[PDB]
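Residue numbers start from 1 in every chain, and the chains themselves are labelled A, B, ... in the order their sequence lines are given, proteins ahead of strands.
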Amino acid sequence: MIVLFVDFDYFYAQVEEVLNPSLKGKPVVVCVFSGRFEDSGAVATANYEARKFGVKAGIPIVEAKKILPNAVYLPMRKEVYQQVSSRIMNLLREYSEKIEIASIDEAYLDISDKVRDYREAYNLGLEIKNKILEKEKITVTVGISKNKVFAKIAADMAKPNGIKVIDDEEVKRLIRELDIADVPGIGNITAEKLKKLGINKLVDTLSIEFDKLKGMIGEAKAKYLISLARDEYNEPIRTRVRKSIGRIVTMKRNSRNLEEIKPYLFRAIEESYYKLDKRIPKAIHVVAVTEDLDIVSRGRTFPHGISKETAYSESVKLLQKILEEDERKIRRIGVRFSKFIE
DNA sequence: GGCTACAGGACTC
DNA sequence: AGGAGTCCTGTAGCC
Ligand SMILES: Nc1ccn([C@@H]2C[C@@H](O)[C@H](COP(=O)(O)OP(=O)(O)O)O2)c(=O)n1
Ligand SMILES: [Ca+2]
Ligand SMILES: [Ca+2]
């Protein structure tokens with residue numbers, strides 16, 4: 001298998017750039033304003049000008065404002081970004097039919113059937129960039145290798161506005177010299193559990209006993225890392241089918257009062273049903289973030305599709321069950337729908 | 001022992 | 001300290 005991965009660079013910021021090029025060269029911070037008070041919320045993304053000075057995704061807008069007060073701060077406009085993304089994804093469809101759209105700004109192409117060797121792939125990646133640069137004036141980063149993981153790793157090493165192939169020898173060099181924390185799916189909690197155990201690099205998972213590693217990180221993550229380390233990871237590029245849709249909103253004040261949480265719950269439901277479109281869910285989950293930022297949720301599956309009016313009703317009962325079974329105040333509340341009708 | 005549904009955890013961002 | 005979505009795991013109810 002040969003896999004080409006494309007990752008759009010600083011995507012939300014770059015779209016804002018394209019809709020207003022006067023922004024180009026200045027630091028740009030796309031934000032999610034929670035609506036508690038002036039500048040409550042977080043940075044969803046920043047362009048590389050802003051990232052130099054430390055303003056990056058996840059930090060609070062307040063923290064960012066300290067560092068770059070003259071930077072342009074823009075509210076997230078996801079609908080816009082999604083339409084730019086859908087257009088870019090169809091351009092990619094012209095270069096392969098086996099396409100896996102992984103997020104709003106990431107896609108894998110199986111380019112076995114389209115390419116013979118890696119240097120031919122690298123020219124294919126130059127074509128794809130320039131097409132996207134011409135058509136949408138969006139820079140992207142391309143990663144090419146033997147599988148999805150190492151193509152993503154390639155693009156991680158090359159962004160922004162980069163191209164890179166990791167050949168079959170490079171893969172073997174990475175197996176034993178890549179900080180295992182740079183492997184997709186290995187976050188901070190799992191990184192630690194690997195150190196607190198011995199494993200700093202992928203090759204190390206072959207020397208530890210399986211049950212010991214399985215004990216720490218779980219069967220699936222152990223099987224995954226092992227398969228990567230043996231160079232036997234080969235998972236297919238397959239079309240991703242959306243499995244759930246939902247909305248969570250931040251309330252202006254924390255609360256355990258049913259009657260003042262309800263309006264936010266109901267808006268989240270109205271917004272979620274719009275977004276559902278023609279999809280009919282058989283399952284609903286109410287999700288709350290407590291004041292100490294812990295996530296609590298209750299859900300029910302139905303032997304039939306959930307009408308909006310049933311959503312309204314079941315959601316209050318599920319919310320009541322949260323209030324009853326968990327004693328902490330609620331800060332954020334929404335819903336999530338799943339198990340769609342086929 | 002092994003299957004299915006839930007509620008939480010971890011990760012991608 | 002926002003918002004969205006996925007896969008995985010421990011537990012319980014049931015063959
Ligand atoms: N915590 C984060 C991280 C990234 N993002 C958004 C969501 C995702 O679609 C987009 C991708 O990130 P971006 O292109 O800015 O940079 P990178 O590719 O993530 O380095 O940023 C977010 O909303 N929240
Ligand atoms: Ca990305
Ligand atoms: Ca990106």
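- Proximity of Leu74(A) to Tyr12(A): side-chain heavy atoms (C-beta onward) are nowhere separated by under 4.5 Å.
- When the side-chain nitrogen and oxygen atoms of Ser34(A) are compared with OP1 and OP2 of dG3(C), none of them lie within a distance under 4.0 Å.
- Here the closest non-hydrogen pair linking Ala283(A) and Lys339(A) is CB-CG, 4.0 Å.
- When heavy atoms are screened at a 4.0 angstrom cut-off, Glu63(A) is found touching no nucleic acid atom at all.
- Summarising the local packing, CG of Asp292(A) is surrounded by more than 12 heavy atoms from other residues, nucleotides or ligands at distances under 6.0 Å.
- Distance from the side chain of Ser40(A) is smallest to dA1(C) among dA4(C), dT12(B), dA1(C).
- As the counterpart of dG1(B), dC15(C) is assigned, both hydrogen-bonding distances of the Watson-Crick or G-U wobble pattern falling under 3.5 Å.
- Atom P of nucleotide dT12(B) and atom CD1 of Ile153(A) are separated by 11 Å, given to the nearest angstrom.
- In this structure, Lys275(A) reaches the sugar-phosphate backbone alone: every heavy-atom distance under 4.0 Å involves primed, P, OP1 or OP2 atoms, never a base.
- Distances from the side chain of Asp294(A) to the nucleotides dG2(C), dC11(B), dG9(B) place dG9(B) closest.
- Toward the 5′ end of DNA chain C lies the nearest nucleotide of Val62(A), the other residue of the pair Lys78(A) and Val62(A) mapping further downstream.
- Rounded to an integer number of Å, the gap from OH of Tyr224(A) to P of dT6(C) is 18 Å.
- Using a 4.0 Å heavy-atom criterion, one finds that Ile59(A) contacts no nucleic acid atom at all.
- When distances are taken from the side chain of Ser244(A) to each of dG5(C), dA1(C), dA10(B), the shortest belongs to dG5(C).
- Listed nucleotides: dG2(C), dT9(C), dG5(C). Nearest to the side chain of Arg242(A): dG5(C).
- Contact between the side-chain N/O atoms of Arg240(A) and the OP1/OP2 oxygens of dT6(C) is not found at any separation under 4.0 Å.
- Nearest nucleotide to the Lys243(A) side chain, out of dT6(C), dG3(C), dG5(C): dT6(C).
- The cationic group of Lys114(A) does not satisfy the cation-pi geometry with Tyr95(A), failing either the under 6.0 Å distance to the six-membered ring centre or the 45° limit from the ring axis.
- For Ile189(A), the listed nucleotide lying nearest its side chain is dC11(B); candidates were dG5(C), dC11(B), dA1(C).
- Listed candidates were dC8(C), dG2(C), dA10(B). Nearest to the side chain of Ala44(A) is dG2(C).
- At the heavy-atom level, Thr45(A) lies nowhere under 4.0 Å from the strands shown.
- For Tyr122(A), there are no side-chain hydrogen bond (donor to acceptor under 3.5 Å, both in side chains) partners two or more places apart in sequence or in a different chain.
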Between the protein and nucleotides 3-7 of chain B, are there any N/O to N/O pairs under 3.5 Å, and if so, what are the atom names and distances?
from: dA5(B); atom 1: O3'; to: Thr301(A); atom 2: OG1; distance (Å): 3.2
from: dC6(B); atom 1: OP2; to: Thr301(A); atom 2: N; distance (Å): 3.1
from: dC6(B); atom 1: OP2; to: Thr301(A); atom 2: OG1; distance (Å): 3.4

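- Proximity of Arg331(A) to the phosphate of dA1(C): a side-chain N or O atom is located under 4.0 Å from OP1 or OP2.
- The shortest side-chain heavy-atom distance between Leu178(A) and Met157(A) falls under the 4.5 Å cut-off.
- Across the protein-nucleic acid pair, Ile217(A) atom CD1 and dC8(C) atom P stand 13 Å apart, rounded to whole Å.
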